[PDB]
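Pasted below: query_34.cif, mmCIF, C-alpha atoms.
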data_entry
#
loop_
_atom_site.label_atom_id
_atom_site.label_comp_id
_atom_site.auth_asym_id
_atom_site.auth_seq_id
_atom_site.Cartn_x
_atom_site.Cartn_y
_atom_site.Cartn_z
CA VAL A 37 0.00 0.00 0.00
CA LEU A 38 1.42 3.36 -1.07
CA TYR A 39 -0.19 6.47 -2.55
CA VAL A 40 1.56 9.04 -4.74
CA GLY A 41 -0.42 12.19 -5.43
CA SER A 42 -3.96 10.87 -4.91
CA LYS A 43 -7.08 12.12 -3.12
CA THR A 44 -8.74 9.18 -1.37
CA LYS A 45 -11.91 9.21 0.74
CA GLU A 46 -12.60 6.13 2.88
CA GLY A 47 -15.83 5.91 4.85
CA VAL A 48 -17.27 9.40 4.36
CA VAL A 49 -20.79 10.85 4.42
CA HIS A 50 -21.43 14.44 3.40
CA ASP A 51 -24.04 16.82 2.02
CA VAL A 52 -27.07 15.18 3.60
CA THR A 53 -30.04 17.55 3.67
CA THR A 54 -33.32 17.67 5.60
CA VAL A 55 -35.74 20.46 6.49
CA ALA A 56 -38.88 20.47 8.63
CA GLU A 57 -41.88 22.81 8.58
CA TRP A 58 -45.23 22.33 10.32
CA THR A 59 -44.44 18.67 10.98
CA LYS A 60 -46.90 17.46 13.59
CA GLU A 61 -45.75 14.17 15.07
CA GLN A 62 -46.96 11.72 17.72
CA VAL A 63 -45.12 8.68 19.08
CA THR A 64 -46.29 6.01 21.51
CA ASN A 65 -43.82 3.38 22.61
CA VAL A 66 -43.83 0.40 24.96
CA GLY A 67 -40.51 -1.35 25.52
CA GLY A 68 -39.22 -0.86 21.99
CA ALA A 69 -36.88 1.35 20.02
CA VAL A 70 -38.11 4.34 18.03
CA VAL A 71 -35.84 6.79 16.18
CA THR A 72 -36.73 10.02 14.38
CA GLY A 73 -33.59 12.14 13.90
CA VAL A 74 -31.14 11.82 11.05
CA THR A 75 -28.60 9.06 11.63
CA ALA A 76 -25.35 9.17 9.62
CA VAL A 77 -22.72 6.51 10.33
CA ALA A 78 -19.32 6.58 8.64
CA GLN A 79 -16.66 4.05 9.62
CA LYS A 80 -13.44 2.70 8.15
CA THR A 81 -12.67 -0.63 9.82
CA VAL A 82 -14.65 -3.01 12.02
CA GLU A 83 -13.40 -6.44 13.07
CA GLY A 84 -14.48 -9.23 15.39
CA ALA A 85 -16.76 -12.23 15.01
CA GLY A 86 -20.42 -11.71 15.81
CA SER A 87 -19.94 -7.95 15.92
CA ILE A 88 -22.59 -5.41 14.94
CA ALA A 89 -21.42 -2.34 13.03
CA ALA A 90 -23.66 0.72 12.59
CA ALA A 91 -26.87 -0.35 14.33
CA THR A 92 -29.71 2.15 14.73
CA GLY A 93 -33.09 1.45 16.25
CA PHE A 94 -31.97 -1.85 17.75
CA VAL A 95 -33.80 -4.27 20.05
CA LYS A 96 -31.80 -7.23 21.36
CA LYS A 97 -33.69 -9.68 23.56
CA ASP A 98 -31.78 -12.98 23.46
CA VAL B 37 -1.77 -1.89 -4.15
CA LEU B 38 -0.43 1.51 -5.19
CA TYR B 39 -2.10 4.61 -6.61
CA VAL B 40 -0.41 7.23 -8.80
CA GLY B 41 -2.46 10.36 -9.43
CA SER B 42 -5.97 8.97 -8.88
CA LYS B 43 -9.09 10.14 -7.04
CA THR B 44 -10.68 7.16 -5.31
CA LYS B 45 -13.83 7.10 -3.17
CA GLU B 46 -14.45 3.99 -1.06
CA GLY B 47 -17.65 3.69 0.94
CA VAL B 48 -19.15 7.16 0.51
CA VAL B 49 -22.69 8.56 0.63
CA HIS B 50 -23.40 12.14 -0.34
CA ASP B 51 -26.07 14.49 -1.67
CA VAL B 52 -29.06 12.78 -0.07
CA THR B 53 -32.06 15.10 0.05
CA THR B 54 -35.32 15.14 2.02
CA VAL B 55 -37.79 17.88 2.98
CA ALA B 56 -40.90 17.81 5.14
CA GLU B 57 -43.94 20.10 5.15
CA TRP B 58 -47.26 19.54 6.93
CA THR B 59 -46.40 15.89 7.54
CA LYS B 60 -48.81 14.60 10.15
CA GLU B 61 -47.58 11.31 11.59
CA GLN B 62 -48.73 8.82 14.22
CA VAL B 63 -46.82 5.79 15.52
CA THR B 64 -47.92 3.08 17.93
CA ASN B 65 -45.39 0.48 18.98
CA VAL B 66 -45.33 -2.54 21.29
CA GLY B 67 -41.97 -4.23 21.79
CA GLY B 68 -40.73 -3.68 18.25
CA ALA B 69 -38.45 -1.41 16.29
CA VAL B 70 -39.76 1.59 14.34
CA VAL B 71 -37.54 4.10 12.50
CA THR B 72 -38.51 7.33 10.75
CA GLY B 73 -35.41 9.51 10.26
CA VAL B 74 -32.99 9.27 7.38
CA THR B 75 -30.39 6.54 7.90
CA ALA B 76 -27.17 6.73 5.86
CA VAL B 77 -24.49 4.11 6.50
CA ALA B 78 -21.10 4.25 4.78
CA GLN B 79 -18.40 1.76 5.70
CA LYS B 80 -15.17 0.49 4.18
CA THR B 81 -14.32 -2.85 5.80
CA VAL B 82 -16.23 -5.29 7.99
CA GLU B 83 -14.92 -8.71 8.99
CA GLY B 84 -15.92 -11.54 11.29
CA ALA B 85 -18.15 -14.58 10.90
CA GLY B 86 -21.81 -14.14 11.74
CA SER B 87 -21.40 -10.37 11.89
CA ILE B 88 -24.10 -7.86 10.97
CA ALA B 89 -23.01 -4.74 9.09
CA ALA B 90 -25.30 -1.73 8.71
CA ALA B 91 -28.47 -2.86 10.47
CA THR B 92 -31.35 -0.42 10.93
CA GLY B 93 -34.71 -1.20 12.48
CA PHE B 94 -33.51 -4.50 13.92
CA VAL B 95 -35.28 -6.97 16.21
CA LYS B 96 -33.21 -9.91 17.46
CA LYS B 97 -35.04 -12.42 19.66
CA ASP B 98 -33.07 -15.68 19.49
CA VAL C 37 1.81 1.87 4.05
CA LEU C 38 3.29 5.20 2.96
CA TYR C 39 1.76 8.32 1.44
CA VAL C 40 3.58 10.84 -0.77
CA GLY C 41 1.65 14.02 -1.50
CA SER C 42 -1.91 12.76 -1.00
CA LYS C 43 -5.03 14.07 0.75
CA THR C 44 -6.75 11.19 2.50
CA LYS C 45 -9.95 11.28 4.58
CA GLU C 46 -10.71 8.24 6.74
CA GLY C 47 -13.96 8.09 8.68
CA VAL C 48 -15.34 11.60 8.15
CA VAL C 49 -18.83 13.11 8.16
CA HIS C 50 -19.40 16.70 7.11
CA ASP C 51 -21.96 19.11 5.67
CA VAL C 52 -25.03 17.54 7.24
CA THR C 53 -27.96 19.96 7.25
CA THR C 54 -31.26 20.15 9.15
CA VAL C 55 -33.64 22.99 10.00
CA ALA C 56 -36.80 23.07 12.10
CA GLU C 57 -39.76 25.46 12.00
CA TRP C 58 -43.13 25.05 13.71
CA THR C 59 -42.41 21.39 14.42
CA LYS C 60 -44.92 20.24 17.01
CA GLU C 61 -43.83 16.94 18.54
CA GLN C 62 -45.12 14.54 21.19
CA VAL C 63 -43.34 11.48 22.60
CA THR C 64 -44.58 8.86 25.04
CA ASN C 65 -42.16 6.20 26.19
CA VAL C 66 -42.25 3.23 28.57
CA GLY C 67 -38.96 1.44 29.17
CA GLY C 68 -37.63 1.87 25.65
CA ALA C 69 -35.23 4.02 23.69
CA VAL C 70 -36.40 7.02 21.66
CA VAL C 71 -34.06 9.41 19.81
CA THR C 72 -34.89 12.64 17.97
CA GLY C 73 -31.70 14.70 17.51
CA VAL C 74 -29.23 14.32 14.68
CA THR C 75 -26.74 11.51 15.31
CA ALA C 76 -23.47 11.55 13.33
CA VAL C 77 -20.89 8.85 14.09
CA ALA C 78 -17.48 8.85 12.43
CA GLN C 79 -14.87 6.29 13.46
CA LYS C 80 -11.66 4.88 12.04
CA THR C 81 -10.96 1.55 13.74
CA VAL C 82 -13.00 -0.78 15.95
CA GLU C 83 -11.82 -4.22 17.05
CA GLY C 84 -12.97 -6.97 19.37
CA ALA C 85 -15.29 -9.93 19.00
CA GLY C 86 -18.95 -9.35 19.76
CA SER C 87 -18.41 -5.60 19.84
CA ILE C 88 -21.01 -3.02 18.81
CA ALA C 89 -19.77 0.02 16.88
CA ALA C 90 -21.95 3.10 16.40
CA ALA C 91 -25.20 2.11 18.11
CA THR C 92 -28.00 4.66 18.46
CA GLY C 93 -31.41 4.02 19.96
CA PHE C 94 -30.36 0.72 21.49
CA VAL C 95 -32.25 -1.64 23.80
CA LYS C 96 -30.31 -4.62 25.15
CA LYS C 97 -32.27 -7.03 27.36
CA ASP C 98 -30.41 -10.35 27.30
CA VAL D 37 -23.42 60.41 -20.20
CA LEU D 38 -25.15 59.96 -16.85
CA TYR D 39 -26.13 56.88 -14.86
CA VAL D 40 -28.98 56.68 -12.34
CA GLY D 41 -29.10 53.49 -10.29
CA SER D 42 -27.23 51.13 -12.63
CA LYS D 43 -24.51 48.50 -12.22
CA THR D 44 -22.09 48.79 -15.13
CA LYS D 45 -18.97 46.70 -15.79
CA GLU D 46 -16.53 48.00 -18.42
CA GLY D 47 -13.51 45.92 -19.35
CA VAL D 48 -13.66 43.13 -16.76
CA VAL D 49 -12.41 39.54 -16.64
CA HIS D 50 -13.35 37.24 -13.79
CA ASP D 51 -13.84 33.61 -12.81
CA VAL D 52 -11.15 32.14 -15.05
CA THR D 53 -10.16 28.65 -13.90
CA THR D 54 -7.17 26.38 -14.55
CA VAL D 55 -5.64 23.46 -12.66
CA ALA D 56 -2.51 21.41 -13.32
CA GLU D 57 -1.61 17.88 -12.24
CA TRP D 58 1.27 15.73 -13.50
CA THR D 59 1.83 18.07 -16.43
CA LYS D 60 5.23 17.25 -17.88
CA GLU D 61 6.40 20.02 -20.19
CA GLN D 62 9.46 20.77 -22.31
CA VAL D 63 10.24 23.99 -24.18
CA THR D 64 13.10 24.80 -26.54
CA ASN D 65 13.40 28.33 -27.85
CA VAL D 66 15.77 30.24 -30.12
CA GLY D 67 15.19 33.97 -30.44
CA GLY D 68 11.41 33.80 -30.26
CA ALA D 69 8.58 34.32 -27.82
CA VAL D 70 6.99 31.44 -25.91
CA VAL D 71 4.28 31.85 -23.25
CA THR D 72 2.73 29.22 -20.97
CA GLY D 73 1.00 30.94 -18.03
CA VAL D 74 -2.53 32.29 -18.04
CA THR D 75 -2.74 35.77 -19.56
CA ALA D 76 -5.80 37.90 -18.73
CA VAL D 77 -5.94 41.45 -20.10
CA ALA D 78 -8.75 43.83 -19.19
CA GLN D 79 -8.65 47.43 -20.38
CA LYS D 80 -11.11 50.29 -20.78
CA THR D 81 -9.62 52.80 -23.22
CA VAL D 82 -6.70 52.73 -25.65
CA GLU D 83 -5.95 55.50 -28.14
CA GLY D 84 -3.23 56.40 -30.59
CA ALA D 85 -2.55 55.52 -34.21
CA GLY D 86 -0.50 52.40 -34.86
CA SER D 87 -0.82 51.35 -31.23
CA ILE D 88 -0.93 47.75 -30.03
CA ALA D 89 -3.33 46.93 -27.19
CA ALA D 90 -3.11 43.65 -25.27
CA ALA D 91 -0.25 41.85 -27.01
CA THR D 92 0.99 38.53 -25.64
CA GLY D 93 3.69 36.37 -27.16
CA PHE D 94 4.88 39.11 -29.49
CA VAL D 95 7.85 39.22 -31.87
CA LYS D 96 8.52 42.53 -33.62
CA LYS D 97 11.42 42.57 -36.08
CA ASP D 98 10.84 45.49 -38.44
CA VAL E 37 -20.40 62.46 -17.02
CA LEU E 38 -22.17 62.08 -13.69
CA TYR E 39 -23.23 59.04 -11.67
CA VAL E 40 -26.11 58.92 -9.19
CA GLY E 41 -26.30 55.76 -7.10
CA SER E 42 -24.46 53.34 -9.39
CA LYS E 43 -21.78 50.67 -8.92
CA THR E 44 -19.32 50.88 -11.80
CA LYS E 45 -16.23 48.73 -12.41
CA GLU E 46 -13.75 49.95 -15.02
CA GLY E 47 -10.75 47.81 -15.89
CA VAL E 48 -10.98 45.06 -13.27
CA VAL E 49 -9.79 41.45 -13.10
CA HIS E 50 -10.80 39.20 -10.23
CA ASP E 51 -11.36 35.59 -9.22
CA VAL E 52 -8.67 34.05 -11.40
CA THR E 53 -7.75 30.56 -10.21
CA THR E 54 -4.80 28.23 -10.80
CA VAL E 55 -3.34 25.30 -8.86
CA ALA E 56 -0.24 23.20 -9.45
CA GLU E 57 0.59 19.66 -8.32
CA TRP E 58 3.44 17.45 -9.53
CA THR E 59 4.08 19.75 -12.48
CA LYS E 60 7.47 18.85 -13.88
CA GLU E 61 8.72 21.57 -16.21
CA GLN E 62 11.82 22.24 -18.31
CA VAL E 63 12.67 25.43 -20.20
CA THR E 64 15.57 26.16 -22.54
CA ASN E 65 15.94 29.67 -23.90
CA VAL E 66 18.37 31.51 -26.16
CA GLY E 67 17.86 35.25 -26.53
CA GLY E 68 14.07 35.14 -26.39
CA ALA E 69 11.23 35.74 -23.98
CA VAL E 70 9.57 32.91 -22.06
CA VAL E 71 6.84 33.40 -19.43
CA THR E 72 5.21 30.83 -17.14
CA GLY E 73 3.48 32.61 -14.24
CA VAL E 74 -0.02 34.02 -14.30
CA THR E 75 -0.16 37.48 -15.87
CA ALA E 76 -3.19 39.67 -15.10
CA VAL E 77 -3.25 43.20 -16.51
CA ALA E 78 -6.03 45.64 -15.66
CA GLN E 79 -5.86 49.23 -16.89
CA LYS E 80 -8.26 52.12 -17.35
CA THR E 81 -6.71 54.58 -19.80
CA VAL E 82 -3.76 54.43 -22.20
CA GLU E 83 -2.94 57.16 -24.71
CA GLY E 84 -0.17 57.99 -27.15
CA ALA E 85 0.53 57.04 -30.75
CA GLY E 86 2.53 53.89 -31.34
CA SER E 87 2.16 52.89 -27.70
CA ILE E 88 1.98 49.30 -26.45
CA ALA E 89 -0.47 48.56 -23.64
CA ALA E 90 -0.33 45.30 -21.68
CA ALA E 91 2.52 43.43 -23.37
CA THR E 92 3.69 40.10 -21.94
CA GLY E 93 6.37 37.88 -23.41
CA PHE E 94 7.63 40.58 -25.75
CA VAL E 95 10.62 40.60 -28.10
CA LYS E 96 11.37 43.88 -29.88
CA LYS E 97 14.30 43.84 -32.31
CA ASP E 98 13.79 46.75 -34.71
CA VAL F 37 -17.37 64.50 -13.75
CA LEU F 38 -19.18 64.18 -10.43
CA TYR F 39 -20.31 61.18 -8.39
CA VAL F 40 -23.21 61.13 -5.94
CA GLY F 41 -23.48 57.99 -3.82
CA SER F 42 -21.65 55.53 -6.07
CA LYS F 43 -19.02 52.81 -5.55
CA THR F 44 -16.54 52.96 -8.41
CA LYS F 45 -13.48 50.75 -8.97
CA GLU F 46 -10.94 51.91 -11.56
CA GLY F 47 -7.97 49.70 -12.39
CA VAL F 48 -8.28 46.99 -9.75
CA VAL F 49 -7.15 43.36 -9.53
CA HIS F 50 -8.23 41.15 -6.65
CA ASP F 51 -8.86 37.56 -5.61
CA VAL F 52 -6.17 35.95 -7.75
CA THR F 53 -5.33 32.46 -6.52
CA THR F 54 -2.41 30.08 -7.06
CA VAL F 55 -1.01 27.14 -5.07
CA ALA F 56 2.06 24.98 -5.62
CA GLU F 57 2.81 21.44 -4.45
CA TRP F 58 5.64 19.17 -5.61
CA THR F 59 6.35 21.43 -8.57
CA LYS F 60 9.74 20.46 -9.93
CA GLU F 61 11.05 23.14 -12.27
CA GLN F 62 14.18 23.74 -14.35
CA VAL F 63 15.11 26.90 -16.26
CA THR F 64 18.04 27.56 -18.58
CA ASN F 65 18.48 31.05 -19.96
CA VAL F 66 20.97 32.83 -22.22
CA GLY F 67 20.52 36.57 -22.63
CA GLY F 68 16.73 36.52 -22.52
CA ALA F 69 13.87 37.19 -20.15
CA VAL F 70 12.15 34.41 -18.22
CA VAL F 71 9.39 34.97 -15.63
CA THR F 72 7.71 32.45 -13.32
CA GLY F 73 5.98 34.29 -10.46
CA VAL F 74 2.50 35.75 -10.57
CA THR F 75 2.44 39.20 -12.17
CA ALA F 76 -0.56 41.45 -11.45
CA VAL F 77 -0.55 44.97 -12.89
CA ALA F 78 -3.30 47.46 -12.09
CA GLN F 79 -3.05 51.03 -13.35
CA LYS F 80 -5.40 53.96 -13.86
CA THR F 81 -3.78 56.37 -16.32
CA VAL F 82 -0.81 56.15 -18.68
CA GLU F 83 0.08 58.84 -21.22
CA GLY F 84 2.88 59.60 -23.63
CA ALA F 85 3.60 58.61 -27.21
CA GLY F 86 5.56 55.42 -27.76
CA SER F 87 5.13 54.45 -24.11
CA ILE F 88 4.88 50.89 -22.84
CA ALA F 89 2.39 50.21 -20.04
CA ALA F 90 2.46 46.97 -18.05
CA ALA F 91 5.29 45.03 -19.69
CA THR F 92 6.39 41.70 -18.22
CA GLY F 93 9.04 39.42 -19.64
CA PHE F 94 10.38 42.07 -22.00
CA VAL F 95 13.39 42.02 -24.32
CA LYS F 96 14.21 45.28 -26.12
CA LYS F 97 17.16 45.16 -28.52
CA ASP F 98 16.72 48.06 -30.96
#

As structure tokens, how would this structure be written, given the file I've shared?
Amino acid sequence: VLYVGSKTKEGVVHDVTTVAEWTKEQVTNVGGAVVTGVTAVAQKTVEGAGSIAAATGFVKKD
Amino acid sequence: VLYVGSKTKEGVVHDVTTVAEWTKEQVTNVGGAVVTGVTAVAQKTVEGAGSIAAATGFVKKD
Amino acid sequence: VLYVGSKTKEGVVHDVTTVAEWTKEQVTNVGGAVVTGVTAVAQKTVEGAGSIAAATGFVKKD
Amino acid sequence: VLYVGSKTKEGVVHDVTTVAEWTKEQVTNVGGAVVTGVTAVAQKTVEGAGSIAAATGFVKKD
Amino acid sequence: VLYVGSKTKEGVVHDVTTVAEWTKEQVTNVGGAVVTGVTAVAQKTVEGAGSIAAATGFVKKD
Amino acid sequence: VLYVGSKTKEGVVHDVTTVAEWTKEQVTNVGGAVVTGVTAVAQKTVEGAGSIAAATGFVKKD
């Protein structure tokens, strides 16, 4: 591995756009996950057996 | 592996667009996952047997 | 691994945009996760078996 | 000549763009003009008989 | 000539852009002009017969 | 000539941009002009017959 005069981009997230106006919202929840904001994961390396990379709105009940 | 004068992009997400106006919304939930925002995962490397990369709105009840 | 005159970007998140105006919101919750803000994870390296990288709105009840 | 609430632009040059990457170049020259940079002339008034306005890479051997 | 509430621009040059990366260059020259940088002339008034306004890379051997 | 509430700009040069990285360069010269930096001339008035306004990389051998 060697770079000579490059422009690399590994695991990037940019220029995500969202606007809200007059957005009525109701949420009822009983013992469970609920997500409403803007999630943006950006990783480079994840290792390990059985692992969980970039989980959002998760419910784990083994 | 060697780069000479390139522009690489590995695992990227950009220019995602969303707008909301007058968006009434109701959500009822009982012990389960519910997701409403904008999820944007961008990874480069994931390793490991049985792993789970980029999970969103997950329910695991083994 | 060696770089000569490059511009690398590993695990980056930028230029995420969100605006709110007149956004009525209600949330009821009983023993569960609920998230509404803007989550932005950006990592480079994660190791370890069974690990969980970048979790948001998580419920773990083993 | 009289202006009332205008926006005039006389003899202007803007937003010229040039980039260079890995640009090998050789030049041999014997008693003559050679130009390689970016020339940008912008004048308003030139007067006089036989005059020469905005000359670039000139050779005059009368 | 009279201005009332205007925005005039006479003989202007702006927002010229140039970048260099890994630009090998060789130049041989024998008794002649050679130019490589970025020339940007901006004048308003030039008068006089036989005059030479905004000359770049000139060779005059009368 | 009279101005009332204007914003004039006569003979101006601004916002010129140049960057250099890893720019190998060789120059041989024998009795001649060679220029490599960034020249930026900005005048308002020049008068006189046979005059030479804004000359760069000049060779005069009458």

Excluding residue 78 of chain D and its own-chain neighbours fewer than 4 positions away, which residues fall within 10 Å of it when counting all atoms listed in the file? Please give them as a count of residues only. 20

Could you please give me, as a list in words, the residues of protein, DNA or RNA lying at most 6 Å from (-42.3, -5.3, 25.6) in the coordinate frame of the file, considering all atoms listed in the file?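 These residues have at least one counted atom within 6 Å: residues 66 and 67 of chain A; 66 and 67 of chain B.
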
Please list as a count of residues only every residue within 12 Å of residue 61 of chain F, counting all atoms listed in the file and excluding residues in the same chain fewer than 6 positions away. 16

May I have the protein, DNA and RNA residues with an atom at most 12 Å from (-22.2, 54.3, -2.7), counting all atoms listed in the file in the file's coordinates, returned as a compact mmCIF listing (two decimals) with C-alpha atoms, in the frame of the given file?
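And here is the file that came out, part_9.txt:
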# COMPACT_ATOMS: atom_id res chain seq x y z
CA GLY D 41 -29.10 53.49 -10.29
CA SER D 42 -27.23 51.13 -12.63
CA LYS D 43 -24.51 48.50 -12.22
CA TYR E 39 -23.23 59.04 -11.67
CA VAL E 40 -26.11 58.92 -9.19
CA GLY E 41 -26.30 55.76 -7.10
CA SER E 42 -24.46 53.34 -9.39
CA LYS E 43 -21.78 50.67 -8.92
CA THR E 44 -19.32 50.88 -11.80
CA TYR F 39 -20.31 61.18 -8.39
CA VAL F 40 -23.21 61.13 -5.94
CA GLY F 41 -23.48 57.99 -3.82
CA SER F 42 -21.65 55.53 -6.07
CA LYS F 43 -19.02 52.81 -5.55
CA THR F 44 -16.54 52.96 -8.41
CA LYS F 45 -13.48 50.75 -8.97

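Applied to the file shown here, the PyMOL selection byres ((chain E and resi 54) around 9) selects residues 52, 53, 54, 55, 56 and 74 of chain D; 52, 53, 55, 56 and 74 of chain E; 52, 53, 54 and 55 of chain F.
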
One number please: atom CA of residue 97 of chain F to atom CA of residue 84 of chain E, in Å, one decimal. 21.6 Å

Please report the interatomic distance between atom CA of residue 73 of chain D and atom CA of residue 85 of chain E in Å with one decimal.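 Separation between atom CA of residue 73 of chain D and atom CA of residue 85 of chain E: 29.0 Å.
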
Separating atom CA of residue 69 of chain D from atom CA of residue 71 of chain E, to the nearest tenth of an Å, is a gap of 8.6 Å

Just say which residues the PyMOL selection byres ((chain F and resi 87) around 9) picks in this file, as a PyMOL selection string. (chain E and resi 83-89) or (chain F and resi 82-86+88-89)

Quick check on the file I pasted: which residues fall under the PyMOL selection byres ((chain A and resi 98) around 12)? Write them as a list in words.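 Against this file, the PyMOL selection byres ((chain A and resi 98) around 12) returns the residues residues 95, 96 and 97 of chain A; 95, 96, 97 and 98 of chain B; 95, 96, 97 and 98 of chain C.
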
Applying 10 Å and all atoms listed in the file, which residues near residue 37 of chain F remain after dropping the ones on its own chain fewer than 3 positions away? List them as a PyMOL selection string. (chain D and resi 37-38) or (chain E and resi 37-39)
